[PDB]
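J.: Protein chains in written order, with the entry's author numbering: chain N, 259 to 386; chain M, 2 to 386; chain m, 2 to 168; chain n, 2 to 168; chain a, 2 to 168; chain b, 2 to 168; chain o, 2 to 168; chain c, 2 to 168.
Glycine included, C-beta positions come from ideal geometry on N, C-alpha and C.
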Amino acid sequence: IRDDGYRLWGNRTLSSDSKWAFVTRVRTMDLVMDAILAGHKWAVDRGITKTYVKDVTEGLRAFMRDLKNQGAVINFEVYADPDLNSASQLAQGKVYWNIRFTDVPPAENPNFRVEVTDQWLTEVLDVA
Amino acid sequence: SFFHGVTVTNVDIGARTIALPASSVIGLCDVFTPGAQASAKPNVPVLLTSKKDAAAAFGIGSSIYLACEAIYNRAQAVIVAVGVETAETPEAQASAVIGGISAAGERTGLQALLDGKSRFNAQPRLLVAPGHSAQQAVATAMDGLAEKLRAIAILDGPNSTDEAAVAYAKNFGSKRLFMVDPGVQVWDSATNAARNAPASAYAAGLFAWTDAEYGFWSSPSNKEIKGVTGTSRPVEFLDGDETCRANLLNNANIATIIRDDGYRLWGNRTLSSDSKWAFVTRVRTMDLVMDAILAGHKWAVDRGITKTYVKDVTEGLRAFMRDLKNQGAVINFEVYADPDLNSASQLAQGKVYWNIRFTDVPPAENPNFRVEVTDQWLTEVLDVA
Amino acid sequence: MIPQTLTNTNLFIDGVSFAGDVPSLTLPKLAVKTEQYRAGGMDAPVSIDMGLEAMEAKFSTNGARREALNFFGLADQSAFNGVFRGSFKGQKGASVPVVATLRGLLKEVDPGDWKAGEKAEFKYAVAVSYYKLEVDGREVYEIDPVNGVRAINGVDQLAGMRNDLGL
Amino acid sequence: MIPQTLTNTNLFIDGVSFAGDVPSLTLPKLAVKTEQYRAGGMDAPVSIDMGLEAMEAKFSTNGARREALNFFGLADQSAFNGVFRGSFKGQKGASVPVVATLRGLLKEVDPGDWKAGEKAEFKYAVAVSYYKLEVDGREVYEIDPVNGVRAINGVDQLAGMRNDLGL
Amino acid sequence: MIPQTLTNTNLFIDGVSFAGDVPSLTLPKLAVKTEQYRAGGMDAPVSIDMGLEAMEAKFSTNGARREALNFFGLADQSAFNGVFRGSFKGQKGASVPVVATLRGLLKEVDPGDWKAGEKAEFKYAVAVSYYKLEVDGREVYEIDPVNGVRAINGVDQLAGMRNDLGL
Amino acid sequence: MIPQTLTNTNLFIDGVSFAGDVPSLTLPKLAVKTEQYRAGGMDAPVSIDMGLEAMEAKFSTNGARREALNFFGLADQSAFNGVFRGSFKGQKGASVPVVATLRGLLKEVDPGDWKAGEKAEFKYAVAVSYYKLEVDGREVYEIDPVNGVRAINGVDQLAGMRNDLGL
Amino acid sequence: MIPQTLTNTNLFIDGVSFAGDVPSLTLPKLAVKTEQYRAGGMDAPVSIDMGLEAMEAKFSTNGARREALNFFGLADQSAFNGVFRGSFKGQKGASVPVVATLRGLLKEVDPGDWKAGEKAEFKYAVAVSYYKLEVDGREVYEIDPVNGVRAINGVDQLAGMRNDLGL
Amino acid sequence: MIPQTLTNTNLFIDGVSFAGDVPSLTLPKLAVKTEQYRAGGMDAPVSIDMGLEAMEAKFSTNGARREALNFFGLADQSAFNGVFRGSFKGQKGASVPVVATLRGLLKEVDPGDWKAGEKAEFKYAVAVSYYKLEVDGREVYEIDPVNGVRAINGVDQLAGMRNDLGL
């Protein structure tokens with residue numbers, strides 16, 4: 259936009275969905291998981307014990323409060339899915355978790371409502 | 002579409018009106034026109050926290066909004082407002098401000114302010130009907146609803162003389178009524194002149210402002226009404242056992258506005274025929290000592306009666322009452338279970354009694370200066386010595 | 002007199018009874034803050050009072066007892082209410098109640114060592130912001146630091162300093 | 002209430018179970034940092050809170066147990082994870098779990114005296130950087146110093162200071 | 002005499018009571034301005050008076066307390082009014098009030114270091130333009146520099162200089 | 002009143018939060034420049050004001066923290082912006098924010114002694130060119146030396162000298 | 002796991018075996034030097050590491066044993082070499098060796114009380130300048146203060162500070 | 002942020018490493034030379050900059066160390082080169098180097114008291130004629146008085162005065 263070609267300007271991606279409008283939304287969701295996955299590589303081995311599903315949640319919450327600390331998210335929510343953790347799923351090795359979070363919004367449009375008044379035309383410029 | 006980057010916009014907005022955020026809730030009822038931009042059904046109460054929220058629900062040219070601007074210039078208060086639609090004759094207008102259950106089953110007019118809690122969690126501690134409380138029928142519906150809702154209704158007299166205010170104040174001997182007779186003369190920006198205003202909403206904004214800085218036990222009787230330029234009649238506070246206009250109206254239990262282009266609300270007597278309930282300090286403190294006691298002991302309506310139920314309420318009542326003696330609301334309370342009326346036949350019905358005697362702080366209504374000019378120190382100085 | 006001794010204790014935290022799991026109670030030690038005062042014309046100090054000391058009431062449970070764990074470290078100090086009760090027996094059989102309603106901040110939760118076969122005891126301690134001791138249903142002590150009250154037989158000892166400070 | 006007492010403990014360090022060799026556990030002592038506050042118009046202090054104290058959880062093994070020795074003194078502080086579990090029994094037979102997931106720095110390893118016929122006990126101590134106590138599967142405590150959180154019934158007590166500091 | 006000592010303090014700034022948050026008061030140090038006077042026919046100085054020194058009363062709060070922060074640096078000097086009160090106890094229990102009404106300019110506000118766990122203390126200091134000390138409700142001192150008054154038992158010591166200067 | 006005390010601090014330099022590494026803050030000491038004024042017909046000085054003193058706000062970090070090191074010694078004085086925040090607690094749990102936005106020149110960076118096992122503390126100090134103190138979100142102080150403004154409750158005390166000087 | 006416990010100890014000072022007269026050994030207590038770190042935006046300390054503490058290994062003989070007496074107080078510090086060995090048994094019979102080669106200064110020799118019929122015990126203590134703990138023949142610890150090495154599973158934790166200091 | 006603290010220091014004088022005997026380092030205190038500037042139409046000073054202060058870096062050894070003793074008092078000022086290094090740890094384990102290459106005159110050698118059993122510490126101090134501070138391998142400061150350079154983020158702040166003086 260400016261100054262002999264100085265600054266990249268837009269931040270919308272080419273999405274037809276307003277839930278995925280910003281590249282902030284797309285990049286954060288993409289790289290919250292790449293930090294979650296690369297960091298929980300022990301969950302594909304390590305055959306299912308009783309506290310397998312508990313040690314992943316507290317591991318998932320711990321590598322997600324590191325993300326709330328540095329400002330990637332705001333007030334995540336991690337919990338094991340209570341409705342889809344069957345034992346028929348567990349014999350197949352499947353076990354589910356829910357990793358809801360909120361992304362930080364970019365300040366896309368700051369709005370300045372500027373007005374010229376004659377209010378302080380008497381407060382100064384007078385004998386007073 | 003959207004915008005990326007920073008916008009600038011030339012837009013006229015009129016000189017912000019900073020006020021202390023207050024916790025008191027105010028029940029308001031006046032006329033407006035239900036149109037396009039007015040997003041309020043007529044006999045439906047709405048919760049208001051801003052002048053923008055008053056001008057989005059009601060018209061900016063409405064009489065609701067002029068009453069709500071009258072409150073927001075002094076306190077950032079919560080207003081449960083009921084926009085009664087206008088009518089032709091003043092008999093049918095006063096009938097519509099009073100309202101009733103004359104719907105299918107709904108509540109209209111002032112009676113919709115009883116719906117203020119359970120619609121918005123705002124049970125109105127102040128009742129105001131600006132310009133309509135001058136009629137004797139509305140000011141009785143203000144009375145009986147202030148007794149139900151446990152509030153103080155702020156009335157106003159007519160625009161007429163002092164004797165029309167005194168003779169209108171003799172129609173009421175009620176504890177919960179607080180008349181402010183002289184109207185407010187406020188400068189209108191549109192007509193570029195001074196528009197009248199019925200001064201009930203200016204009292205209610207100051208009545209709720211006093212709860213924020215000074216607490217509900219303080220009187221509002223010398224505080225500053227903001228956003229006003231004068232009164233409808235000049236009110237005269239002088240001394241000398243005279244027929245002062247401020248002293249004539251106080252002895253008819255009417256608060257006035259006394260100095261400096263209409264600067265200060267003045268009286269603090271309510272319209273009571275009992276000298277035990279003369280001051281609004283007495284009426285407001287007893288009303289809001291209990292609303293802090295009740296909202297704080299909501300666990301005593303469930304929690305089936307054990308052995309130490311009656312003891313755990315007294316020590317709970319004493320604990321939420323030494324918080325009131327600490328901040329100065331009372332002076333040396335007394336709380337105890339009633340020993341003569343706590344039967345077991347009462348306890349099978351779920352009834353159990355307590356006695357919550359206290360003493361309210363008196364307002365300094367009449368400071369007296371006994372001034373004397375002497376020639377005593379005519380020798381102590383002015384001499385060779 | 003009659004030989005009289007405690008036989009039984011009880012605890013009410015927020016109206017809930019701990020009538021199964023409080024092995025030990027401790028009322029706050031009321032100590033006055035003495036300064037040993039030695040001055041002119043005297044060979045020995047005389048111990049003027051300077052106000053009361055800080056009061057802590059401590060008590061232990063040895064089950065889980067969320068009804069006392071949920072009062073630790075609240076933003077509202079002086080929100081832990083609590084009633085320490087004792088029954089003093091007496092030889093002739095006339096049991097005298099000693100009831101100490103108190104209010105303050107639950108200031109430490111001390112889960113001790115957890116050995117397998119050994120009884121595990123949660124030790125708590127409150128920082129007492131209000132204290133009233135009733136013996137035989139009669140007010141002995143009533144100490145409220147803020148709103149300075151020190152009543153010893155229903156007689157407020159701090160009425161002297163209250164008028165001096167204009168409180 | 003029902004007379005309730007711990008009967009059994011367990012320890013998970015990094016998912017590995019120590020179900021043979023932990024004779025004693027110790028949950029961190031949650032103490033609030035009180036300052037005894039005596040000021041104008043009052044005869045006794047009142048103990049305002051100033052935040053929490055530093056938490057240490059200590060535990061002992063008495064075998065070799067490299068699965069806990071290999072977490073001492075890492076460059077990554079708050080990398081020792083760990084779950085202290087307890088089973089509180091109760092008289093009627095309703096066992097209530099007390100599970101304390103915690104995270105921090107394993108700050109001292111204390112191999113004691115090694116006498117020949119005597120049992121040798123490795124005493125460890127961790128410097129707790131995160132602590133969540135669940136009783137009967139319900140969150141009692143949740144303390145995270147960085148990202149300042151002090152939840153007492155799921156209710157974050159530090160939401161007041163969080164908006165004040167702009168955190 | 003009776004061994005007598007302060008036990009309690011209070012502060013009124015503009016009628017508002019600081020009965021929760023003033024840990025320390027300091028009355029102004031009344032010092033006369035001596036000049037050591039050595040002259041003819043004498044081996045030692047004799048210390049003639051030259052008037053009083055400048056009086057500063059300082060006091061500390063450790064909450065926020067806008068009711069004392071809003072008096073700093075006003076255009077109106079001698080507009081900070083203020084009442085320092087003390088209750089001196091005595092061994093026999095006869096509490097004697099020491100009340101020091103004073104007036105002046107709040108000349109420095111010193112918010113100290115703000116460490117996290119440590120109590121933070123706002124130190125104030127006023128520049129005293131009027132000072133009256135009453136002990137047991139009886140005027141001990143009354144110092145008003147402008148309108149030169151130095152009363153010591155109700156007796157104005159400056160009546161000598163007042164007639165000399167024609168004041 | 003309610004016993005109220007700071008419990009937590011924070012620092013924003015240029016919008017960046019220092020929510021891990023500022024152990025101590027120091028708001029600028031607002032001192033008025035008094036001259037002790039003794040003149041004719043009076044025995045004691047009276048301390049007329051002569052303007053404010055120079056304000057310095059100092060603060061310490063003890064990590065590396067380039068986000069505060071890069072503001073030392075710029076050509077642009079009054080380019081260090083900065084927000085000192087504090088949370089004052091109160092006994093009833095009503096946390097009151099004390100926020101001091103300030104602007105000036107970061108005038109000294111003091112890396113102290115670097116011993117091996119000892120915590121190393123970078124001490125900074127700014128030369129305050131603008132200072133606004135808000136308590137409970139309400140303007141207490143507003144000091145801007147150039148464009149001479151001294152507001153004490155939103156009330157500019159220097160409107161008197163502003164019309165006299167024709168500013 | 003398997004219930005595992007030490008049953009037997011041994012000591013090699015300079016290759017010579019003390020297989021008759023060492024009743025007690027003590028490996029050095031590995032403690033990291035924590036500083037409780039409380040700073041902005043947080044209610045609790047967090048305990049950053051500051052390096053290791055000083056290590057002392059102590060051991061006792063109760064014969065004469067010149068083969069350990071002749072290493073006290075040499076000019077060559079870190080010349081006392083020494084191997085503390087332990088055999089941890091296990092319930093199934095799989096004995097696991099715990100061998101702690103260490104090096105340092107034999108810093109105190111404490112011949113205790115010599116009563117006639119009572120066993121007399123020479124208590125020694127070394128000031129550990131190198132320490133390697135092997136469990137089941139696998140390196141757990143390796144601490145060398147000079148040439149700063151802190152290996153925890155063969156992984157040198159001080160490779161971060163080594164490149165920073167240019168060591 | 003992450004709680005970050007120095008854990009280790011090092012010193013290179015002339016490429017030789019002092020990795021055994023420097024107990025304390027001190028980087029030079031960068032202070033700008035402020036003059037408190039009060040002038041017309043303003044009530045408070047504003048502290049204009051007047052250049053930097055004189056920089057001294059001091060450090061101590063407590064062995065003999067001719068490799069630092071031989072740089073005292075040479076005819077060649079600014080011939081003492083020297084690199085002060087520090088490793089700031091951080092809670093997550095990311096060690097950040099702080100390296101301060103500096104150059105100047107070793108201006109005082111202070112061998113302290115030599116008591117027999119007490120550690121004797123040679124205190125040195127250099128008069129810094131060039132100073133570059135790199136944090137995480139990135140230039141924070143670069144101060145060269147002759148050839149007037151004051152770079153704060155790689156940005157030379159003295160390019161304004163350099164063109165004015167024709168340097």
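Which class does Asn-154/m belong to by DSSP, given the choice of helix, strand or coil?
T.: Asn-154/m falls in the coil class under three-state DSSP.
J.: Can you tell me which of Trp-300/M, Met-291/M, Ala-204/M and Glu-164/M puts its alpha carbon nearest to the alpha carbon of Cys-245/M?
T.: It is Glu-164/M.
J.: Any beta carbon from chain b within less than 7 Å of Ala-45/c's own beta carbon?
T.: Chain b contact via Cβ: present.
J.: Give me the subset of the segment 9 to 28 of chain a whose CB atoms are less than 8 Å from a CB atom of chain m, sorted by chain position.
T.: Listed by position along the chain: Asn-9, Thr-10, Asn-11, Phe-13, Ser-18, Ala-20 and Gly-21.
J.: Taking the runs of the alpha helix (DSSP H) that are 4 residues or longer, which of them lie wholly in the segment 5 to 80 of chain M?
T.: Counting only runs of 4 or more, we get 52 to 58 and 64 to 73.
J.: At least one CB of chain c closer than 7 Å to the CB of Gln-92/b: is that the case?
T.: Taking Cβ atoms only, chain c never reaches closer than 7 Å to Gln-92/b, which makes this a no.
J.: Of all Cβ atoms in chain m, is any one closer than 7 Å to the Cβ of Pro-112/a?
T.: It does not; no Cβ of chain m falls within 7 Å.
J.: Does the Cβ-Cβ distance between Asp-111/a and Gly-64/a come in under 7 Å?
T.: No. Outside cutoff.
J.: Where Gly-36/M and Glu-89/M are concerned, what is the direct C-alpha to C-alpha distance, given to the nearest angstrom?
T.: Using only the alpha carbons, I get a separation of about 18 Å.
J.: Taking the CB atoms as reference points, tell me whether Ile-153/o and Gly-91/o lie closer together than 7 Å.
T.: It is not a contact, given that the beta carbons lie outside the stated cut-off.
J.: So what does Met-43/c bridge to, in DSSP terms?
T.: The partner list for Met-43/c (beta bridge, DSSP) is empty, contrary to what the question assumes.
J.: Going by DSSP in three states, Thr-102/c sits in which element: helix, strand or coil?
T.: Three-state DSSP puts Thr-102/c in a strand.
J.: Would you say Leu-53/a reaches chain b, if we count a Cβ-Cβ gap shorter than 7 Å as a contact?
T.: Chain b contact via Cβ: present.
J.: I'd like to know if the segment 200 to 217 of chain M and the segment 164 to 182 of chain M are in contact, where contact means that at least 3 CB-CB pairs between them fall below 8 Å.
T.: They touch, by the three-pair rule.
J.: Run the CB neighbour count on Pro-340/N, radius 10 Å, all protein chains shown included, and call it buried at 16 or more, exposed below.
T.: With fewer than 16 other Cβ atoms within 10 Å, it is exposed.
J.: At least one CB of chain a closer than 7 Å to the CB of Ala-160/n: is that the case?
T.: Chain a contact via Cβ: absent.
J.: What is the C-beta distance between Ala-58/M and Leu-67/M, in whole angstroms, given that I count them as a contact (C-beta under 8 Å)?
T.: No, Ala-58/M and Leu-67/M are not in contact; Cβ-Cβ is about 14 Å, not under 8 Å.
J.: Work out the CA separation of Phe-280/M and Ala-32/n for me, nearest whole Å.
T.: Going from the Cα of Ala-32/n to the Cα of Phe-280/M covers about 49 Å.
J.: Which parts of the segment 289 to 333 of chain N are runs of the beta strand (DSSP E), unbroken and 3 residues or longer, counting only runs that do not cross its ends?
T.: For the segment 289 to 333 of chain N, not a single whole beta strand (DSSP E) run of length 3 or above is found.
J.: Is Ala-57/M near the ligand SAM - that is, is its Cβ less than 6 Å away from at least one heavy atom of it?
T.: Annotation note on the ligand SAM: not contained in the displayed structure, which lists no ligands.
J.: Using 7 Å as the threshold, is the C-beta distance between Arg-104/m and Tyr-142/m below it?
T.: Their beta carbons are not under 7 Å apart, which means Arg-104/m does not touch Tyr-142/m by this criterion.
J.: Would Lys-133/b pass as an interface residue toward chain a - the criterion being a Cβ-Cβ separation below 7 Å?
T.: No - not a single Cβ of chain a is within 7 Å of the one on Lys-133/b.
J.: Tell me residue 467/M's beta-bridge partners as DSSP assigns them.
T.: This structure cannot settle anything about residue 467/M, because the visible part of chain M is limited to 2 through 386.
J.: Quick one: residues in its chain with C-beta nearer than 8 Å to the C-beta of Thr-27/b, no 5 flanking neighbours on either side, listed in chain order?
T.: So the list reads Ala-58, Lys-59 and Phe-60, once near-sequence residues are dropped.
J.: Do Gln-5/b and residue 1/b have their beta-carbon atoms positioned less than 7 Å apart in this structure?
T.: Here chain b has residues from 2 to 168 only, and residue 1/b is not among them.
J.: What is the DSSP secondary structure of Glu-54/n, counted as helix, strand or coil?
T.: Residue state, collapsed to three classes: coil.
J.: Just reading off the beta strand (DSSP E) that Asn-9/a is part of, what are its end residues?
T.: Residues 7 to 13.
J.: Any C-beta of chain B sitting closer than 7 Å to the C-beta of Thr-6/a?
T.: Note that chain B does not occur in the displayed structure, where the protein chains are N, M, m, n, a, b, o and c.
J.: Looking only at its chain, what residues have a beta carbon closer than 8 Å to the beta carbon of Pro-364/N, apart from the 5 residues adjacent to it on each side?
T.: For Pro-364/N, where only same-chain residues beyond five positions count, the Cβ hits under 8 Å are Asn-269, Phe-280 and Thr-282.
J.: Just the Cα atoms here: how many angstroms apart are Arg-120/M and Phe-370/M?
T.: Roughly 52 Å separates the two Cα atoms.
J.: Is the beta carbon of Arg-265/M sitting closer than 7 Å to the one on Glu-225/M?
T.: Taking 7 Å as the Cβ cut-off, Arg-265/M and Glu-225/M qualify as a contacting pair.
J.: Within 10 Å of its beta-carbon, does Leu-342/N have 16 or more other beta-carbons around it, so buried, or fewer, so exposed?
T.: With fewer than 16 Cβ atoms within 10 Å of its Cβ, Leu-342/N is classed as exposed.
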